[PDB]
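Spelled out from the first residue to the last, the chains are:
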Amino acid sequence: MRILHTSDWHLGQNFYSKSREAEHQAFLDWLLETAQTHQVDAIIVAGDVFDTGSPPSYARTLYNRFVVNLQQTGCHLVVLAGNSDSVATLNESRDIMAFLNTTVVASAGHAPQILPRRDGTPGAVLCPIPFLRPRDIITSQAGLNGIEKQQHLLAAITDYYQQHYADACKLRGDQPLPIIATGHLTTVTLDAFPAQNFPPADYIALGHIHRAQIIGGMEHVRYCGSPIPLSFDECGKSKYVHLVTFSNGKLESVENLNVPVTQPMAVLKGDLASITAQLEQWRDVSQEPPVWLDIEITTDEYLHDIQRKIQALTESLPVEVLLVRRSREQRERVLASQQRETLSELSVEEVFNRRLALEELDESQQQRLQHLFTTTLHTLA
Amino acid sequence: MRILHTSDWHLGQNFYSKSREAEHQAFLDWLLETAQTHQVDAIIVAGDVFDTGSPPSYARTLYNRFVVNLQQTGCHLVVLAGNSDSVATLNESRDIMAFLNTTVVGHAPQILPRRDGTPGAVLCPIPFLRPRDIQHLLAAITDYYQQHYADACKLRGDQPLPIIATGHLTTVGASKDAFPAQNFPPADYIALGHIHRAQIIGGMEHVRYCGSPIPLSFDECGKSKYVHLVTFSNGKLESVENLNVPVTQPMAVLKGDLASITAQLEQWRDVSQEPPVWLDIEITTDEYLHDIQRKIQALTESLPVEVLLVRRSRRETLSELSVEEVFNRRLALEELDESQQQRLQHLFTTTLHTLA
Amino acid sequence: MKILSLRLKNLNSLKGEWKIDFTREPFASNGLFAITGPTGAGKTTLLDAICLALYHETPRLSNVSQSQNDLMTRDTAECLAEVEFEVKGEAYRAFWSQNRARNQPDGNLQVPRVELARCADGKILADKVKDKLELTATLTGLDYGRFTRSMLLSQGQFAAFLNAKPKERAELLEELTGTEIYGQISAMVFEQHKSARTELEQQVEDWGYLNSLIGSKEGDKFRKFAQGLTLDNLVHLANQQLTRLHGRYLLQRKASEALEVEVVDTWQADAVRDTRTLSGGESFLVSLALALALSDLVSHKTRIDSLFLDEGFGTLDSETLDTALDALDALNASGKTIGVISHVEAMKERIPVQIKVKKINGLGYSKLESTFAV
Amino acid sequence: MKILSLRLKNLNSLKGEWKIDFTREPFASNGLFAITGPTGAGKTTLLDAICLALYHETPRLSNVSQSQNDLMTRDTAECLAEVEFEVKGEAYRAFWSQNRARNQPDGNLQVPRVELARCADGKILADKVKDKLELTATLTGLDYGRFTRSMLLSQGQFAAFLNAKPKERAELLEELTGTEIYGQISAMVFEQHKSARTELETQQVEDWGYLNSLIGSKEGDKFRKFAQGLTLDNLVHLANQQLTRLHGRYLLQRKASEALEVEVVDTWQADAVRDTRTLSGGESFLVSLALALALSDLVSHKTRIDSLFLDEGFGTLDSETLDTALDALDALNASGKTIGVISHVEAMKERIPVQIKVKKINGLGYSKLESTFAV
DNA sequence: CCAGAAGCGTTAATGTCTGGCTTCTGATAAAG
DNA sequence: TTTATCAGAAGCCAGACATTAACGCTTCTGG
Ligand SMILES: Nc1ncnc2c1ncn2[C@@H]1O[C@H](COP(=O)(O)OP(=O)(O)O)[C@@H](O)[C@H]1O
Ligand SMILES: Nc1ncnc2c1ncn2[C@@H]1O[C@H](COP(=O)(O)OP(=O)(O)O)[C@@H](O)[C@H]1O
Ligand SMILES: [Mg+2]
Ligand SMILES: [Mg+2]
Ligand SMILES: [Mn+2]
Ligand SMILES: [Mn+2]
Ligand SMILES: [Mn+2]
Ligand SMILES: [Mn+2]
């Protein structure tokens with residue numbers, strides 16, 4: 001039994017006043033495309049299917065066109081609410097979407113269901129658990145502590161998974177069917193989950209982590225990661241919708257199809273001359289999607305209108321700036337001066353020299369600036 | 001041929017921070033039930049469906065739970081746009097609803113198939129003709145119903161199917177400039193929206209306003225809450241039955257001074273009404289509005305009712321007056337003259353709608 | 001809104017965990033209660049946990065976060081503050097707790113945790129800060145800024161309302177009653193004029209005269225002409241709270257563009273004089289009257305049943321202080337539980353219910369009674 | 001800078017030409033005096049007439065000019081405050097006065113006739129307003145704000161110097177020393193740089209700009225804050241000794257930030273580094289008191305001043321800290337500084353018997369004091 | 001019964017500044 | 001760990017006021 005495990009779509013996310021509208025749409029056809037090619041029967045998207053609980057109005061149309069165009073294939077789909085979305089937004093369309101093989105289960109305490117296959121045979125045992133809001137399982141009491149409130153939650157979700165797994169043991173019975181459980185949380189600053197407390201399930205898809213990784217050496221627990229880059233630390237990385245085919249009610253394979261990236265992004269470190277060289281690689285070559293950039297300037301110089309120096313570069317180029325950052329975090333103040341000096345006895349030549357020894361500059365600009373400084377002292381005299 | 005005719009639902013309506021949740025939820029089950037009683041062909045809603053372009057998140061859940069319950073009826077559903085409803089609020093699931101016999105709306109007309117598969121009638125889906133999308137504003141609306149009547153006449157030809165007309169607009173003559181009632185194209189029926197008062201317009205039976213199926217404001221506390229069940233005879237209208245909806249949330253607009261009000265307050269004493277009865281008390285004194293409500297909260301606690309508003313329709317506060325009058329009060333030190341006061345008055349109401 | 005209980009631990013000088021309650025054998029009356037103790041040994045701190053657990057912002061410190069948390073005492077691992085406030089019959093809870101990294105007294109400061117739980121069902125409503133503040137605004141009906149001037153009254157702040165910038169006071173007035181459209185129109189009209197001026201870089205007359213009349217950034221002009229009526233409503237409640245409190249003065253809205261209250265001098269035959277020209281005792285009593293009226297303006301929407309206030313009674317006169325205290329007890333004929341913290345020994349003889357705060361003997365901390373310890 | 005005599009007429013509730021002198025026998029004894037009475041009897045007015053006369057500005061009001069004389073007692077024609085004081089051994093006299101229109105209780109408020117004259121010389125040293133302001137600035141050595149946060153401390157405003165924004169603290173610290181040139185250097189850096197950068201509508205403007213974020217640009221700020229840090233260190237070194245003379249609770253030290261701030265230190269803890277915004281009320285009053293004394297003692301070398309007028313804040317202490325603070329103030333009046341204090345605290349009766357005890361006329365709306373002072 | 005002077009009360013040019021406002025870099029809270 | 005979002009700071013424009021300088025009204029007051 002094949003399943004496509006993605007998550008973290010983050011639909012309708014504004015990205016420094018830019019959108020991921022066509023950036024999702026050119027993925028969502030590809031996700032629809034690889035379904036019939038690999039003959040999958042039930043896609044799972046485990047979490048963060050919206051950015052905010054009131055998404056923009058097109059951000060449903062990217063999602064509503066997805067669920068109708070799935071019905072050409074007739075393949076099932078499970079949608080789990082993540083931490084990001086308001087639960088009341090996904091339960092807007094829980095009841096109607098049962099007509100379209102789309103069990104969008106938003107709230108906690110839902111009943112375990114049986115996945116069908118393409119021929120109509122039951123394909124998999126599903127334990128759908130969306131992101132547990134802490135209100136939906138635990139009640140607060142008086143007399144608590146600070147740390148203890150986090151630990152009391154952690155035991156509650158743990159025995160919720162032990163309870164929700166035990167329902168599947170009655171529902172599977174004696175048939176050789178695989179157990180698929182979802183969730184939107186973190187695992188192995190003690191705000192995480194211990195994976196040994198996860199149930200003895202056959203495969204547990206998960207979410208909330210954007211780096212696609214195995215966790216704990218158990219291959220049947222896979223953070224599938226985002227299908228597209230949403231940041232500039234993992235921009236140059238790759239994205240993998242997890243393909244898990246099952247064999248005889250057990251696990252066969254974990255295939256990782258890459259995603260064709262439609263919107264190119266890159267990050268640059270260093271100083272302005274190093275940014276000047278890294279901008280030269282886009283000179284002759286052309287880009288039909290305008291490439292975005294992060295420019296982490298680690299400069300020391302003053303650099304009058306540093307956003308204009310960037311703006312002076314990329315006028316006749318197919319490169320788009322989107323952000324620009326500098327290490328403007330530094331301290332500057334007079335020391336103790338051996339705890340004895342008076343300001344009337346120190347001349348202006350001293351405290352100006354006392355102010356320049358705090359920076360990096362050595363020789364050439366210094367003998368230029370001190371002439372520039374002493375012109376001001378004389379032009380009042 | 002049975003077709004239900006509703007209009008102006010205004011779902012998720014803010015009502016002085018009180019809700020219209022249980023009003024609709026005790027209506028929507030009743031709505032499909034009468035459709036389940038009489039085995040309707042199709043239902044049409046004549047706009048003003050949601051409240052605003054950004055409805056609250058619960059307001060869809062009544063609307064979708066209506067539609068999934070409509071699938072156990074097998075009846076066609078046609079949803080018309082309104083004046084307050086955007087395209088983007090109804091381009092949300094414009095093709096989700098295609099798989100559930102639910103056509104939603106610059107569109108070609110269509111046929112309504114019956115429960116047994118036969119083509120039943122002819123519909124002219126007419127959303128709100130925005131002048132941003134279409135004297136001159138009166139010019140294009142007038143001939144469009146002549147433009148669409150030939151689209152209505154020639155789509156059937158010699159077929160014995162009745163035509164119904166839709167729309168969501170305003171009409172001259174109907175008590176609460178507008179579309180002329182005498183210029184309507186003589187189709188077999190005209191359903192129409194945006195008028196929350198239920199009445200026949202012009203004296204022709206085939207043109208109608210069914211009003212709102214629920215009371216919206218206190219002032220509109222009329223008992224004439226109807227849904228228009230129409231019947232067709234092989235291409236012609238048979239009749240229209242006005243069906244009374246049940247009431248669930250009673251209101252009471254008490255007027256006068258405290259002498260006449262407190263006498264009316266004992267009418268709801270010891271009756272133990274299971275929904276808290278709502279009020280629009282209209283006091284007529286010269287006392288301060290922030291302190292006249294001090295006596296009321298003790299008087300309303302004993303009764304099983306909940307007050308909603310207090311007004312003096314005759315000092316003054318900010319929760320009493322309207323935006324033009326304080327704007328007109330702000331013209332005390334401003335030279336209104338002739339031209340200057342007219343432009344400010346006309347450009348002001350433009351500015352107030354820009355935030356609307 | 002009143003307070004049903006309070007818990008804290010290692011807040012400031014009050015080391016260890018302590019928990020006072022407002023449904024016990026003391027506080028069996030709804031009378032006013034005092035808090036004595038040596039000066040600067042945990043006295044405004046018991047009234048600081050009330051601000052902290054409910055709005056994360058003390059009167060003294062601007063904000064507390066993972067950075068810049070001066071609040072919790074040195075060589076302690078965590079802090080917490082927990083109230084039980086009741087509106088309209090139903091209890092609630094709040095729980096702002098913050099630990100240190102690896103429970104070490106010299107470590108980093110982790111992300112703060114909040115609850116806003118219900119006390120009857122036990123269920124919680126907003127486990128995140130940005131939802132907890134806006135779900136206390138719905139609940140109490142009063143925002144943290146409103147709470148600072150219309151409920152609690154901090155030390156050396158009684159100059160809050162009457163010595164504010166007119167934008168500040170007008171904004172506070174627009175947050176209590178009325179609607180935010182009355183400045184939103186000004187903001188939108190400033191956008192209209194900015195657009196019609198960036199075009200032209202009677203077209204002047206489009207947003208020229210109207211912009212000059214009513215229209216500025218963030219709702220200045222028209223919001224002030226709006227609150228120029230709500231102030232004229234509020235001054236009457238100020239008068240009615242004032243005459244039983246201090247009969248020498250009446251208030252009056254001055255007919256001006258910047259809304260400024262104005263004293264009417266009865267002992268000088270209706271002399272008019274500006275409100276900054278008041279004595280210390282008169283300014284404290286008029287600010288008390290104005291805040292009590294300010295709470296009783298939104299009393300029709302939300303009942304506001306509590307009023308804590310710190311030292312202004314050394315500032316008052318020892319003869320008319322008895323008149324002020326008897327008027328305060330006359331305001332205790334409602335359910336307004338009125339907390340008072342000061343040092344006047346005759347006043348603390350008048351106030352029976354004393355939460356005594358014993359300062360430690362050179363330890364460097366403070367304590368409380370064994371009834372409230374935990 | 002020690003006031004010798006004060007003479008006012010219709011200040012607020014001191015109707016009828018009330019004068020005091022500190023050359024009188026009860027003030028000639030030591031130089032420590034208290035004031036008591038019912039509230040609103042004009043104690044702040046009595047401490048207000050002197051700053052009105054020396055600067056035409058009060059802590060309560062804003063500006064008493066031709067318009068909006070809110071000071072003057074209701075329904076009288078003229079109000080005037082006049083002072084004879086000393087600097088460097090020799091005496092001077094300031095005289096501020098204001099009429100109504102036509103000697104009537106109401107009318108057009110006229111321009112305030114003022115003067116500043118050397119007493120026992122008959123020499124009108126200053127006649128108009130601005131000349132009087134600048135001449136008493138150079139002749140007293142104190143500005144307006146330096147009077148109202150280092151010598152006179154008004155009630156409820158003692159947290160001004162501790163909790164001002166660092167611009168209007170760097171202002172006071174700049175003016176306190178004779179180093180006001182930085183507020184011209186750093187302004188002229190912006191004057192050169194904005195001209196050079198509007199000349200581009202050039203690596204030289206880049207060097208001007210690299211100076212321009214290395215020092216202050218408009219007003220003083222940056223270079224000014226960098227410069228007064230050493231004077232703040234000198235001031236907290238003085239105030240540390242001043243405060244441990246006062247109460248052995250917290251030391252002070254400067255802090256490593258651009259903003260000219262002072263952190264406190266806890267002797268009992270022995271390792272405390274918190275900001276001053278979380279001090280207690282009584283310790284904040286003692287920090288403002290000792291800090292003001294240190295600021296006054298810093299300019300000891302030129303135009304040394306000897307007076308202190310604490311309006312209120314002693315109620316914020318108790319019989320366990322107030323007594324210690326007054327016992328330390330006794331060491332200051334044993335020195336040449338002659339302080340004064342408004343107090344409602346009856347526990348300071350045994351401390352200070354030298355009173356300017358005032359009275360009210362039965363709730364009529366005026367006041368009076370001992371008729372041995374009145375003319 | 002009064003005119004000159006002396007002072008007093010009045011208005012018209014100009015210098016500082018308090019208040020929007022805007023442009024910007026800094027903090028804060030949240031999803032990896 | 002990074003990304004919207006608000007919050008505070010520094011600088012710019014400007015009208016509002018403070019001040020100074022000049023111009024009639026009243027009043028002793030002398031014959
Ligand atoms: N960072 C801190 N940690 C612990 N205790 C502090 C801290 N800052 C101040 N304190 C102490 O907390 C106490 C608070 O004084 P308090 O009595 O609450 O103020 P007030 O006198 O204005 O009511 C003071 O004794 C002070 O020494
Ligand atoms: N312009 C004025 N007209 C009439 N009365 C005034 C005026 N200014 C002040 N007062 C009276 O003078 C008193 C000033 O009291 P204040 O000296 O401030 O008291 P404290 O010394 O306690 O601060 C107040 O009672 C006030 O009524
Ligand atoms: Mg205190
Ligand atoms: Mg006083
Ligand atoms: Mn996500
Ligand atoms: Mn997530
Ligand atoms: Mn409508
Ligand atoms: Mn309508």
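Look up a bit, the structure's there.
## Some details on the overall build of chain D
- Secondary structure assignment for chain D yields 11 helices and 14 strands.
- A compact globule built from 375 residues would reach a C-alpha radius of gyration of about 21 Å, and chain D, at 23 Å, matches this within 12%.
- Dimensions along the principal axes, computed over C-alpha positions, put chain D at roughly 75 × 55 × 40 Å.
- Here chain D, with 375 residues, has 55% of them falling under the buried criterion.

## Details of the coordination of the manganese ion (ligand 8)
- Around the manganese ion (ligand 8), the donor atoms from the protein are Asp48 of chain B (OD), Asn83 of chain B (OD1), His168 of chain B (NE2) and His194 of chain B (ND1), and they sit 1.8 to 2.5 Å away.
- In this structure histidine 194 of chain B comes out as partly exposed when scored by relative accessible area, which is 26%.

## Here we look at the coordination of the manganese ion (ligand 7)
All names here are of chain B.
- Within the protein, the atoms that donate to the manganese ion (ligand 7) are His10 (NE2), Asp48 (OD) and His196 (NE2), at distances of 1.9 to 2.1 Å.
- Separation of the manganese ion (ligand 7) from the manganese ion (ligand 8) amounts to 3.3 Å, with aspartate 48 serving as a shared donor to the pair.
- In this structure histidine 196 comes out as partly exposed when scored by relative accessible area, which is 31%.

## A short note on the arrangement of the chains
- Here the protein chains form 5 pairs of chains in contact, of which the pair with the most contacts is chains A and D.
- The two units chain B and chain D never meet; even their closest C-alpha atoms stay 24 Å apart.

## Quick notes on helix α10 (residues 281-298) of chain D
- Its 18 residues give α10 of chain D an end-to-end C-alpha distance of 25 Å, which sits within 8% of 26 Å, the value for a rise of 1.5 Å per residue.
- Counting buried positions along α10 of chain D gives 16 out of 18 residues, so the element sits mostly inside the fold.

## A few points about the protein's contact with DNA strand F
- The environment of DNA strand F is formed by 16 residues, the closest being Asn14 and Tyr16 of chain A together with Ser65, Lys128 and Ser217 of chain D.
- Within 4 Å of the protein, the atoms of DNA strand F are drawn from sugar and phosphate moieties in a proportion of 100%.
- The contact in question runs from a phosphate oxygen of DNA strand F to an N or O atom on the side chain of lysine 128 of chain D, over 2.5 Å.
- Residue assignment for the surface near DNA strand F shows that the elements contributing at least two residues are α4 (129-140), α7 (182-198) and α9 (221-246) of chain D.
- For the surface near DNA strand F, a count of residues per class yields 5 nonpolar, 5 polar and 6 charged.

## A short note on the site of ligand 2
- In the vicinity of ligand 2 lie 19 residues, with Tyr249 and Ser279 of chain C together with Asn12, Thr44 and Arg60 of chain D positioned nearest.
- What surrounds ligand 2 is not a single chain but chains C and D.
- Within the side chain of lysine 43 of chain D, a nitrogen or oxygen atom sits 3.1 Å from an oxygen atom of ligand 2.
- Measuring from an oxygen atom of ligand 2, one finds a side-chain N or O atom of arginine 60 of chain D at 2.4 Å.
- For ligand 2, whose accessible area on its own is 570 Å², the fraction buried by protein is 98%.
- When residues of the shell around ligand 2 are traced back to their parent elements, those giving at least two are α9 (280-295) of chain C together with α2 (43-46) of chain D.
- If one sorts the elements of the shell around ligand 2 by residue count, α2 of chain D sits on top with 3 residues.

## Details of the interface of chain C and chain A
- The interface of chain C with chain A comprises 21 residues on the first partner and 15 residues on the second.
- Across the chain C to chain A interface the summed buried area is about 1,400 Å²; carbon plus sulfur atoms make up 43%.
- For the interface between chain C and chain A, the tally reads 1 salt bridge.
- Remark: the boundary between chain C and chain A carries 4 residue pairs in polar contact.
- Broken down by secondary-structure element, the contributors of at least two residues to the side of chain C that touches chain A are β1 (2-9), β4 (78-86) and β5 (94-99) of chain C.
- Counting residues per element, the side of chain C that touches chain A draws most heavily on β5 of chain C, which supplies 3 residues.
- Taken together, the residues of the side of chain C that touches chain A break down into 5 nonpolar, 5 polar and 11 charged.

## Points about the site of ligand 1
Residues and elements named next belong to chain C.
- Around ligand 1 there are 17 residues in total, and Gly40, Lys43, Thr44, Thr45 and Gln155 lie nearest to it.
- For ligand 1, an oxygen atom lies 3.3 Å from a polar atom in the backbone of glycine 42.
- Side-chain polar atom of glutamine 155 to an oxygen atom of ligand 1: 2.4 Å apart, as the coordinates give it.
- For the shell around ligand 1, the residue count by class is 2 nonpolar, 11 polar and 4 charged.

## Focus on the environment of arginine 2 of chain B
Residue and element names in this part refer to chain B.
- In this fold, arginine 2 is placed in the segment before β1 (3-6).
- In sequence terms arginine 2 and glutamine 39 are 37 residues apart; their C-alpha atoms lie 7.6 Å from each other.
- Excluding its chain neighbours within four sequence positions, the residues that come into contact with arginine 2 are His38, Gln39, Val40, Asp41, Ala42, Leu229, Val230 and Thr231.
- A distance of 2.4 Å separates a polar side-chain atom of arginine 2 from the backbone oxygen of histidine 38.

## Topic: the pattern of salt bridges
- On inspection of all chains with the given rule, the structure shows 62 salt bridges over all chains.
- The partner of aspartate 291 of chain B in a salt bridge is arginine 294 of chain B, and the shortest N-O contact between them spans 3.6 Å. Linking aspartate 291 of chain B with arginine 294 of chain B, this pair stays in helix α5 (residues 289-302), spanning 3 residues, or about one helical turn.
- Exposure remark for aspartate 291 of chain B: the relative accessible area of 25% places this residue in the partly exposed category.
- Several salt bridges converge on common partners, so that one network encompasses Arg7, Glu17, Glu82, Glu84 and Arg93 of chain C.

## Focus on the protein's contact with DNA strand E
- Taken together, 27 residues sit near DNA strand E, with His10 of chain A together with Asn63, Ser67, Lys128 and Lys167 of chain C positioned nearest.
- For DNA strand E, the backbone portion of the atoms within 4 Å of the protein, that is sugar and phosphate, comes to 98%.
- With respect to DNA strand E, the side chain of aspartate 48 of chain A contributes an N or O atom lying 2.9 Å from a phosphate oxygen.
- Residues of the surface near DNA strand E, tallied by class, amount to 5 nonpolar, 12 polar and 10 charged.

## Remarks on the environment of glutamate 23 of chain B
Residues and elements named next belong to chain B.
- Tracing the sequence through the fold places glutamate 23 in helix α1 (residues 21-38).
- Among all residues touching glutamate 23, those that are not within four sequence positions of it are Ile214, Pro215, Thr248, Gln249 and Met251.
- Side chain to side chain, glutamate 23 and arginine 20 meet in a polar contact 2.6 Å long.

## A look at the sheet that holds strand β1 (residues 3-9) of chain D
All names here are of chain D.
- Taken together, the 6 strands give an open sheet; going across it, the order is β2-β1-β4-β5-β6-β7, and neighbouring strands pair in antiparallel fashion. Strands at the two margins of the open sheet, each flanked by one partner only, are β2 (19-21) and β7 (123-126). Each adjacent strand pair in this sheet contributes to an overall mean axis angle of 20°, direction not counted.
- Relative to β7, strand β6 (residues 114-118) is paired through 3 bridges, and the arrangement is antiparallel. Across the sheet, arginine 118 pairs through a bridge with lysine 123, a residue of β7.
- Across the sheet, helix α3 (residues 48-55) touches β1, β4 (78-87) and β5 (90-99), and the angle it forms with β4 is around 80°.
- Taken strand by strand, α4 contacts β4, β5, β6 and β7, and its axis lies near 35° from that of β6.

## Description of the interface of chain A and chain D
- The interface of chain A with chain D comprises 28 residues on the first partner and 34 residues on the second.
- Summing the contributions of chain A and of chain D, the shared interface buries around 3,100 Å²; its carbon and sulfur component is 67%.
- Among the residues of chain A in contact with chain D, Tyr302, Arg333 and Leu343 of chain A are the three that bury the most area, contributing 27% of the side total.
- Counting the contacts that link chain A with chain D gives 1 salt bridge.
- Its salt-bridge partner being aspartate 207 of chain D, residue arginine 368 of chain A comes within 3.1 Å of it at the nearest N-O pair.
- Applying the counting criterion to the chain A and chain D interface returns 9 residue pairs in polar contact.
- Only α7 (348-356) and α8 (364-378) of chain A provide two or more residues apiece to the side of chain A that touches chain D.
- The residue inventory of the side of chain A that touches chain D, partitioned by class, reads 12 nonpolar, 6 polar and 10 charged.

How each quantity is defined
- The residue numbers you see begin from 1 on each chain and track the sequence as written, which may not match the entry, and residues missing coordinates are not shown.
- Naming scheme: in the order in which they are written, chains are lettered from A and ligands are numbered from 1.
- For the side-chain quantities, the full set of heavy atoms in the structure was used; hydrogens and water were omitted.
- Helix and strand definitions here come from DSSP, where helices need a minimum of 4 consecutive H or I residues and strands a minimum of 2 consecutive E residues; each element is numbered from the N-terminal end.
- As a reference, a globule follows 2.2 Å times the number of residues to the power 0.38, and the radius of gyration itself is taken over C-alpha atoms.
- Three exposure classes are used, based on accessible area relative to the maximum for each residue type with a 1.4 Å probe and protein chains only: buried under 20%, partly exposed in between, and exposed over 50%.
- Ligating atoms shown are N, O and S within 2.8 Å of the metal, or 3.2 Å for Na, K and Ca, and water is not included, meaning a site may look less than complete.
- Any pair of residues with heavy atoms lying within 4.5 Å of one another is described as a contacting pair.
- Here the expected span of a helix is defined as 1.5 Å times the quantity of residues minus one.
- For this description, a residue counts as near a given molecule or strand if any of its non-hydrogen atoms is within 4 Å of it.
- Any pair of N or O atoms that falls within 3.5 Å is considered a polar contact. Within protein, one atom must be able to donate a hydrogen and the other to accept it, and sequence-neighbouring residues count only if both atoms are side-chain atoms.
- Classes in brief: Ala, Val, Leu, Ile, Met, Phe, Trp, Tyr, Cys and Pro nonpolar; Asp, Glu, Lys and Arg charged; the others, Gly included, polar.
- Here the open area of atoms and residues is found with the Shrake-Rupley method and a 1.4 Å probe, where only the protein chains shown may cover a residue.
- What gets called buried area is simply the loss in accessible area from a 1.4 Å probe that two parts show on being joined, summed for both.
- Should a side-chain nitrogen of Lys or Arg be within 4 Å of a carboxyl oxygen of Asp or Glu, the pair is scored as a salt bridge.
- We call two strands paired when DSSP finds no fewer than two bridges between them.
- Lines fitted to the C-alpha atoms define the axes, with helices restricted to the stretch that makes contact. Angles between their N-to-C directions range from 0 to 180 degrees.

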